[PDB]
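S.K.: Just passing along the structure, written as structure tokens.
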Protein chains: 2
Amino acid sequence: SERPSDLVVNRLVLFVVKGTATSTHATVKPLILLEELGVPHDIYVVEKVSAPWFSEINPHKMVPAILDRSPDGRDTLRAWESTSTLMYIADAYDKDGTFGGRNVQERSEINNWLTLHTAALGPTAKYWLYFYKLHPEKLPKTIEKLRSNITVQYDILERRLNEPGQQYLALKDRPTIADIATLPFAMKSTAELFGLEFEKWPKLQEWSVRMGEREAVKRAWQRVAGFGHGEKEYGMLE
Amino acid sequence: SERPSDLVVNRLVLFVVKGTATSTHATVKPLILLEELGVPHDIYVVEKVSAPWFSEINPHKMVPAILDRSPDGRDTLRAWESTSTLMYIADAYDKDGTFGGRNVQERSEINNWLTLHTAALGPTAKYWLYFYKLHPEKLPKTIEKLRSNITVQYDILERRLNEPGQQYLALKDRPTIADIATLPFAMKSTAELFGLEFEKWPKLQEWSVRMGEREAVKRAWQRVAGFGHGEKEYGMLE
């Protein structure tokens, strides 16, 4: 399938959709890491994720997705699924393992808390949102069970951040891709959407505020909301 | 709350439960990679994953979990979530990147197909099992939707394995942790459990048979079934 004429890969291209309250919780993740590391990148606002050309990039037909030049320039590489976009950026650009982890010990914990989000909170939150808003029929027993599972996940994150000196989910000293992956689903605005009082997880709330005060995180949230609302609506932004 | 007398970490310890048709699809994943690489390891059969001592290893209170010595051997580290156990074993023992990926290109695709399983088919299959067997009330409309979501994931895997020369999910040439992660939820026995005709996905069925023929995969399936049915029911196996 032929790509749009304005889609060229001279650097990392992050594929997003038009910014809304419900369209940015996955796409913000790679953008945060790009902002943290100062990686050169373009933004491509996808009008239709069902477009055949886009399914050749991401067969799951969702944002975020990435096209980038391989380090030696011989291939065009792709990343899709938000956790995979974080892994790719860390692999290609986080030379020092500042967010990816510097040694086997660091990476063992990072991958525990990253995968916990990827396998448990992420999909539980997505299934809650699907059955709450998108499913033609309302299934209240299923929705209540998923909401219950979210409280159990918040309990695990709270327990972790109550451990001595544990300022971040994976490492004590600094945020990692585990923290970036978790933040959008573990912050006050998301908790209130789920019908939960975030104050009931005080160390988790403190952690979300600490993450939120980072300049890269602030820039990421601002830009993801703005995409498609500038001079250009769809395609490669300038 | 205290660690069991027979729990010692002299090498990698893989935490499993009593072998049944529905208790092994996560624990078999790290066991396949341990068998592929020939990693020295112990097996610990957990009686109750709700036990406070086990929650200090895995706060999510599930198998698989790993305790291992750090590279220098001065400290102990942990992995939990099946995808995290695969990422750890590859990091600590797959120095050639045979299963973990040798460069940024290989790892980009490995991470795409690994994360697709971790985020999509994995949690969808686990939620299907939960509502099908474990939930006190039977919710058939929920079960049906999850089954439908499995067929969508099978469709994505089928498309991939229909691409020219694409013998495995991530790499054309050899299987990776992406293939190992996918196999337990994408084979005839599991498809039949979900009430699906696996023959509807011919290239996926062929792929599952190719993976199943690997000696390491055969050893893993044979061993994981037997855990807890030997002379020692629970605790560290000999």
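In the structure tokens, the first chain shown is A, the next is B, and so on; residue numbers restart at 1 for each chain, and ligands run from 1 in the order shown.
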Quick one: residues within 10 Å of residue 21 in chain B, only C-alpha atoms, excluding same-chain residues fewer than 2 positions away - as a list in words?
M.R.: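 Surrounding residues, per the criterion: residues 19, 23, 24, 25, 189, 190, 193, 224 and 225 of chain B.
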S.K.: Could you save those same residues with C-alpha atoms as a compact mmCIF listing (two decimals), in the first residue's frame?
M.R.:
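After the write, result.txt holds the following:
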```
# COMPACT_ATOMS: atom_id res chain seq x y z
CA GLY B 19 0.88 -28.95 36.88
CA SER B 23 -1.85 -23.85 35.40
CA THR B 24 1.23 -24.08 33.04
CA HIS B 25 0.64 -21.65 30.06
CA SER B 189 -4.99 -27.51 22.39
CA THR B 190 -5.48 -23.86 23.58
CA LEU B 193 -10.13 -24.81 24.90
CA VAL B 224 5.86 -28.35 33.69
CA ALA B 225 3.01 -30.97 33.67
```
S.K.: Please determine the contact residues of chain A with respect to chain B at a cut-off of 9 Å, counting only C-alpha atoms, and supply them as a PyMOL selection string.
M.R.: chain A and resi 59-60+70-71+75-85+87-88+91-92+104-105+107-109+111-120+122-124+139+141-142+152-153+156+159-160
S.K.: Could you turn the residues from that selection into a file that holds N, CA and C atoms, as a tab-separated table (two decimals), in the first residue's frame?
M.R.:
```tsv
chain	number	residue	atom	x	y	z
A	59	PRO	N	0.17	-3.53	12.52
A	59	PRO	CA	-0.91	-4.45	12.15
A	59	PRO	C	-2.06	-4.46	13.17
A	60	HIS	N	-1.85	-3.90	14.36
A	60	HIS	CA	-2.88	-3.74	15.42
A	60	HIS	C	-3.69	-2.46	15.19
A	70	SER	N	17.29	2.66	10.86
A	70	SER	CA	18.16	1.76	11.65
A	70	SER	C	19.48	2.49	11.89
A	71	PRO	N	20.22	2.18	12.98
A	71	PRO	CA	21.46	2.90	13.30
A	71	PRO	C	22.47	3.01	12.15
A	75	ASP	N	18.09	-0.17	6.94
A	75	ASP	CA	16.66	-0.53	7.06
A	75	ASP	C	15.87	0.65	7.65
A	76	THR	N	14.56	0.66	7.43
A	76	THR	CA	13.56	1.43	8.21
A	76	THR	C	12.99	0.49	9.29
A	77	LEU	N	13.10	0.88	10.56
A	77	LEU	CA	12.60	0.10	11.72
A	77	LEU	C	11.23	0.64	12.13
A	78	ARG	N	10.40	-0.21	12.73
A	78	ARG	CA	9.08	0.18	13.27
A	78	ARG	C	8.98	-0.27	14.73
A	79	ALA	N	8.22	0.48	15.53
A	79	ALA	CA	7.79	0.09	16.89
A	79	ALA	C	6.30	0.40	17.04
A	80	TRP	N	5.55	-0.49	17.69
A	80	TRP	CA	4.10	-0.34	17.96
A	80	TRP	C	3.72	-1.17	19.19
A	81	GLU	N	2.58	-0.85	19.80
A	81	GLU	CA	2.28	-1.10	21.24
A	81	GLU	C	3.12	-0.10	22.03
A	82	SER	N	2.51	0.66	22.94
A	82	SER	CA	3.16	1.80	23.66
A	82	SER	C	4.42	1.31	24.39
A	83	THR	N	4.35	0.18	25.09
A	83	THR	CA	5.51	-0.39	25.85
A	83	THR	C	6.67	-0.65	24.88
A	84	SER	N	6.39	-1.18	23.69
A	84	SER	CA	7.39	-1.48	22.64
A	84	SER	C	8.03	-0.18	22.12
A	85	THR	N	7.26	0.91	21.99
A	85	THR	CA	7.81	2.23	21.56
A	85	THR	C	8.81	2.71	22.62
A	87	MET	N	10.61	0.75	24.75
A	87	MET	CA	11.74	-0.21	24.64
A	87	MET	C	12.64	0.21	23.47
A	88	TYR	N	12.04	0.53	22.31
A	88	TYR	CA	12.78	0.90	21.08
A	88	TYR	C	13.57	2.19	21.32
A	91	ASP	N	16.40	1.60	23.69
A	91	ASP	CA	17.42	0.77	23.00
A	91	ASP	C	18.26	1.67	22.09
A	92	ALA	N	17.61	2.45	21.23
A	92	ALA	CA	18.26	3.23	20.15
A	92	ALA	C	18.92	4.51	20.69
A	104	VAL	N	22.01	-5.53	34.78
A	104	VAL	CA	21.03	-6.66	34.84
A	104	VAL	C	20.10	-6.45	36.04
A	105	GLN	N	20.64	-6.04	37.19
A	105	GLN	CA	19.88	-5.83	38.45
A	105	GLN	C	18.83	-4.73	38.24
A	107	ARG	N	17.63	-3.50	35.37
A	107	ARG	CA	16.72	-3.92	34.28
A	107	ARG	C	15.72	-4.96	34.80
A	108	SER	N	16.14	-5.85	35.72
A	108	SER	CA	15.26	-6.90	36.30
A	108	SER	C	14.04	-6.24	36.96
A	109	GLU	N	14.24	-5.16	37.72
A	109	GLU	CA	13.14	-4.44	38.42
A	109	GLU	C	12.37	-3.58	37.42
A	111	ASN	N	11.83	-4.02	34.28
A	111	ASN	CA	11.04	-4.93	33.40
A	111	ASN	C	9.88	-5.54	34.20
A	112	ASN	N	10.08	-5.77	35.50
A	112	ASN	CA	8.99	-6.25	36.40
A	112	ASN	C	7.86	-5.21	36.37
A	113	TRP	N	8.15	-3.95	36.67
A	113	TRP	CA	7.13	-2.88	36.86
A	113	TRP	C	6.59	-2.42	35.50
A	114	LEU	N	7.43	-2.39	34.47
A	114	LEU	CA	7.00	-2.10	33.07
A	114	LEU	C	5.99	-3.17	32.62
A	115	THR	N	6.34	-4.45	32.76
A	115	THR	CA	5.51	-5.59	32.32
A	115	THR	C	4.23	-5.66	33.16
A	116	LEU	N	4.30	-5.34	34.46
A	116	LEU	CA	3.09	-5.30	35.32
A	116	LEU	C	2.08	-4.35	34.67
A	117	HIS	N	2.52	-3.17	34.25
A	117	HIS	CA	1.63	-2.19	33.56
A	117	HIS	C	1.16	-2.79	32.23
A	118	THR	N	2.08	-3.31	31.43
A	118	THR	CA	1.80	-3.84	30.06
A	118	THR	C	0.77	-4.98	30.13
A	119	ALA	N	0.83	-5.84	31.15
A	119	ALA	CA	0.04	-7.10	31.24
A	119	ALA	C	-1.22	-6.92	32.09
A	120	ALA	N	-1.17	-6.11	33.16
A	120	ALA	CA	-2.22	-6.01	34.20
A	120	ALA	C	-2.98	-4.67	34.11
A	122	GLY	N	-2.64	-1.71	32.38
A	122	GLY	CA	-2.90	-1.28	30.99
A	122	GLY	C	-4.12	-1.97	30.40
A	123	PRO	N	-4.06	-3.31	30.17
A	123	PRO	CA	-5.19	-4.04	29.60
A	123	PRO	C	-6.48	-4.03	30.44
A	124	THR	N	-6.37	-4.00	31.77
A	124	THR	CA	-7.54	-3.93	32.70
A	124	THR	C	-8.26	-2.59	32.50
A	139	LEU	N	-22.52	-3.83	30.48
A	139	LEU	CA	-22.35	-5.08	31.27
A	139	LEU	C	-21.83	-4.71	32.65
A	141	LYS	N	-21.71	-5.90	35.75
A	141	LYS	CA	-20.98	-6.89	36.59
A	141	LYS	C	-19.53	-6.98	36.12
A	142	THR	N	-19.31	-7.00	34.80
A	142	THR	CA	-17.97	-7.04	34.16
A	142	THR	C	-17.21	-5.74	34.47
A	152	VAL	N	-6.95	-3.15	43.03
A	152	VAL	CA	-5.91	-4.16	43.42
A	152	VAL	C	-4.55	-3.75	42.84
A	153	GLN	N	-4.52	-3.27	41.59
A	153	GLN	CA	-3.28	-2.80	40.91
A	153	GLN	C	-2.75	-1.55	41.61
A	156	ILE	N	-1.02	-2.53	44.79
A	156	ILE	CA	0.35	-3.07	44.53
A	156	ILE	C	1.33	-1.90	44.38
A	159	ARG	N	1.79	-0.17	47.85
A	159	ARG	CA	2.67	-1.04	48.68
A	159	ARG	C	4.13	-0.78	48.30
A	160	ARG	N	4.44	-0.80	47.00
A	160	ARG	CA	5.82	-0.60	46.46
A	160	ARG	C	6.35	0.77	46.91
```
S.K.: Once chain A sits on chain B after a least-squares Cα superposition, all atoms in order, what's the RMSD?
M.R.: 0.5 Å
S.K.: Where in range 65-125 of chain A does DSSP assign alpha helix (DSSP H), given as a PyMOL selection string?
M.R.: chain A and resi 82-93+104-116+122-125
S.K.: Smallest atom-to-atom distance to residue 169 in chain B: which of B:211, B:150, B:125, B:220, using only C-alpha atoms?
M.R.: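 Residue with the minimum atom-to-atom distance to residue 169 in chain B: B:211.
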S.K.: So that I can check the surroundings of range 38-41 of chain A, please list as an NGL selection string every protein, DNA and RNA residue that reaches within 9 Å of it, counting only C-alpha atoms and ignoring chain neighbours fewer than 3 positions away.
M.R.: :A and (10-14 or 33-35 or 89 or 93 or 216)
S.K.: Those same residues, written as a short mmCIF file (atom, residue, chain, number, x, y, z; two decimals), in the first residue's frame with N, CA and C atoms?
M.R.:
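Now in part_1.cif:
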```cif
data_model
loop_
_atom_site.label_atom_id
_atom_site.label_comp_id
_atom_site.auth_asym_id
_atom_site.auth_seq_id
_atom_site.Cartn_x
_atom_site.Cartn_y
_atom_site.Cartn_z
N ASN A 10 13.24 10.84 7.71
CA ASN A 10 14.58 11.48 7.83
C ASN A 10 15.06 11.42 9.28
N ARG A 11 14.16 11.07 10.20
CA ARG A 11 14.43 10.90 11.65
C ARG A 11 13.28 10.08 12.25
N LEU A 12 13.29 9.86 13.56
CA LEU A 12 12.20 9.14 14.26
C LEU A 12 10.88 9.87 13.98
N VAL A 13 9.88 9.15 13.46
CA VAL A 13 8.50 9.68 13.24
C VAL A 13 7.56 9.00 14.24
N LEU A 14 6.93 9.78 15.12
CA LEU A 14 5.91 9.29 16.08
C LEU A 14 4.52 9.50 15.46
N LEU A 33 9.41 10.12 26.84
CA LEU A 33 10.79 9.58 26.76
C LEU A 33 11.59 10.37 25.72
N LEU A 34 10.98 10.72 24.58
CA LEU A 34 11.64 11.53 23.51
C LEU A 34 12.02 12.90 24.10
N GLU A 35 11.14 13.47 24.93
CA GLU A 35 11.34 14.79 25.59
C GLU A 35 12.41 14.67 26.68
N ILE A 89 12.91 3.24 21.81
CA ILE A 89 13.55 4.56 22.06
C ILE A 89 14.71 4.36 23.04
N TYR A 93 18.36 5.15 21.72
CA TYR A 93 18.71 6.55 22.11
C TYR A 93 19.18 6.67 23.57
N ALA A 216 9.94 17.48 31.04
CA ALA A 216 9.69 16.59 29.89
C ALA A 216 8.24 16.10 29.91
#
```
S.K.: Would you mind listing what lies within 12 Å of residue 234 in chain A as a PyMOL selection string, with only C-alpha atoms counted and same-chain residues fewer than 6 positions away left out?
M.R.: chain A and resi 4+6-7+15-19+43-49+227-228
S.K.: Extract, using only C-alpha atoms, all DNA, RNA and protein residues at most 9 Å from residue 219 in chain B, discarding same-chain residues fewer than 4 positions from it, and format them as a ChimeraX atom specification.
M.R.: /B:31-32,35,214-215,223-224
S.K.: One decimal, Å: what's the distance from CA of residue 62 in chain A over to CA of residue 129 in chain A, could you say?
M.R.: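 One can read the CA of residue 62 in chain A to CA of residue 129 in chain A distance as 15.7 Å.
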S.K.: So that I can check the secondary structure, give me every residue of range 5-141 of chain B assigned strand (DSSP E) by backbone DSSP, as a PDB file with C-alpha atoms, in the first residue's frame.
M.R.:
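Below is the file that was written, states-v7.pdb:
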```
ATOM      1  CA  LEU B  12      18.065 -19.356  39.305  1.00  0.00           C
ATOM      2  CA  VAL B  13      14.877 -20.566  41.139  1.00  0.00           C
ATOM      3  CA  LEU B  14      11.676 -20.719  38.979  1.00  0.00           C
ATOM      4  CA  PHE B  15       8.437 -20.565  41.073  1.00  0.00           C
ATOM      5  CA  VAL B  16       5.605 -22.761  39.586  1.00  0.00           C
ATOM      6  CA  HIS B  41      18.026 -23.719  37.639  1.00  0.00           C
ATOM      7  CA  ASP B  42      15.862 -25.087  40.513  1.00  0.00           C
ATOM      8  CA  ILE B  43      12.026 -25.510  40.535  1.00  0.00           C
ATOM      9  CA  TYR B  44       9.976 -24.375  43.600  1.00  0.00           C
ATOM     10  CA  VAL B  45       6.308 -25.592  43.691  1.00  0.00           C
ATOM     11  CA  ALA B  65       8.374 -15.778  39.476  1.00  0.00           C
ATOM     12  CA  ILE B  66      12.231 -16.010  39.575  1.00  0.00           C
ATOM     13  CA  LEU B  67      14.804 -15.475  42.356  1.00  0.00           C
ATOM     14  CA  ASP B  68      18.421 -15.487  41.043  1.00  0.00           C
ATOM     15  CA  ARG B  69      21.917 -14.343  42.170  1.00  0.00           C
ATOM     16  CA  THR B  76      19.679 -11.628  44.924  1.00  0.00           C
ATOM     17  CA  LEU B  77      17.277 -10.154  42.284  1.00  0.00           C
ATOM     18  CA  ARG B  78      13.718 -11.119  41.166  1.00  0.00           C
ATOM     19  CA  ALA B  79      11.632 -11.336  37.949  1.00  0.00           C
ATOM     20  CA  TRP B  80       7.796 -11.707  37.806  1.00  0.00           C
TER      21      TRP B  80
END
```
